[PDB]
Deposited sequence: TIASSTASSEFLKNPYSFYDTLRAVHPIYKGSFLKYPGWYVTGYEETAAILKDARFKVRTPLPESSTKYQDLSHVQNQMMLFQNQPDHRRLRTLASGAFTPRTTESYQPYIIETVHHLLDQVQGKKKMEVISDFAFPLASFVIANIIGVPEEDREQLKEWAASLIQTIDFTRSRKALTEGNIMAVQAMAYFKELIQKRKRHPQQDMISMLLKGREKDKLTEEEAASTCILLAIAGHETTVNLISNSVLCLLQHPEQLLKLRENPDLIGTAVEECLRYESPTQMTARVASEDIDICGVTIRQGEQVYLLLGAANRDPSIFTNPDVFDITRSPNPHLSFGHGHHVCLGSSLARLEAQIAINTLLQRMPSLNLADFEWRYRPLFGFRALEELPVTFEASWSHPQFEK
């Protein structure tokens, strides 16, 4: 509970010992990386490979394992480049910019529903609906099936986290069956009648199962992490009323403000690699097979890169944070995430001139996610 309230004090203690720390947390042994330079170097190095978040040959959660193992996030050469390139078309700068109209209109629509209430829960009323509507629209999921996607995403995100249990993985396997069956059906419809969505774009080489797992991955990413970015940013700004006034008086600061929100309260706190051979870095040796855990929020607080790293300063420029990762697996939807957050936050501050706070974090260690964010306005 104390870790969830302030993980950065915990990160600091590790960094003071060594930026690459040998230890074991929640029964998982390996190298825990809190240093910026070390993090960037490891993510850049193809010798540090991505791996399945459950044992490769495990069939205890057969359907969950199969879904996970087909995702580009856990694939190496040469399958990674193939999968990534095929999905990349929906997330180009040009295509992302074309989503702007729909995002603006969805934001205004959602704020209309609460405008007269003088009160809202930022996540349930605003952050989640927006992110859910946008990603379902891009993938090509009908509005009637949007609620079912929410349940799958929230269940499957837990299956990768340190805090996962036997119960979470059993539930995950069930949701994996459901999600895969749904997207296979949706793919059959788009095979017969192609539409203006990502599923059709994928079908235009990739198996129908690889396309389904791609859709599932993007659905989870579109829900979980983007919601956290928006809600974390709102909390950040309200806890610092002084660069909230500042951004309110100048909406053009939204770009640099969102980047500092990404640095300061990173939606993704952890990613992981496995050493495919013996590797010497930063005065230590990581042996073949050993697990490496990259603490992105910790690296974003490295005082050798960011001066006064625990200070929230929206004018920080430039801001080479690692919240979207680094190297070959760098976030595919980073432009979309930024755009959603920029529009959501700027519009919120425009439409709620007297926004004030009325907090609990979800029990996830790899992600920084609020349970709820109640606010008052007008």
Sequence ranges absent from the coordinates, based on the deposited chain and numbered from 1: 1-8, 213-217, 372-374, 395-404
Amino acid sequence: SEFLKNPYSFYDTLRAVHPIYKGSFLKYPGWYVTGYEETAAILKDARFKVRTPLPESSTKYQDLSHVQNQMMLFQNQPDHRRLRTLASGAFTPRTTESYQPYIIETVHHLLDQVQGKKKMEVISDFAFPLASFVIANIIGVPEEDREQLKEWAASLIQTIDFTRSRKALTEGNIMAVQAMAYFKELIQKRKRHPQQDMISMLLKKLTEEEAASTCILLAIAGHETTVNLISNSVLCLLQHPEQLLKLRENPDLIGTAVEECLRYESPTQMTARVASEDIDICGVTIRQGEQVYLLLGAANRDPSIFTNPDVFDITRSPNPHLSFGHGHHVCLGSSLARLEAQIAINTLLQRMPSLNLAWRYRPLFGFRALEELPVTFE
From here on, numbers count along this sequence of modelled residues.
348-356 set against 308-316, stretch whose average Cα temperature factor tops the other in the entry: 348-356
Of 192-200 and 167-175, the one with larger mean CA B-factor: 192-200
Selection from 263, 84, 240, 273 [criterion: highest C-alpha temperature factor in the record]: 240
Identity of residue with top Cα B-factor, from 290, 161, 208, 259: 208
Within-chain third of residue 321 by Cα B-factor, per the entry: lowest
Chain third (lowest, middle, highest) by recorded CA B-factor, residue given as residue 148: highest
Third assignment of residue 365 from its chain's C-alpha B-factors: middle
Ranked C-alpha temperature factor of residue 223 among modelled chain residues, by third: middle
Residue 301 - Cα temperature factor, lowest/middle/highest third of chain: lowest
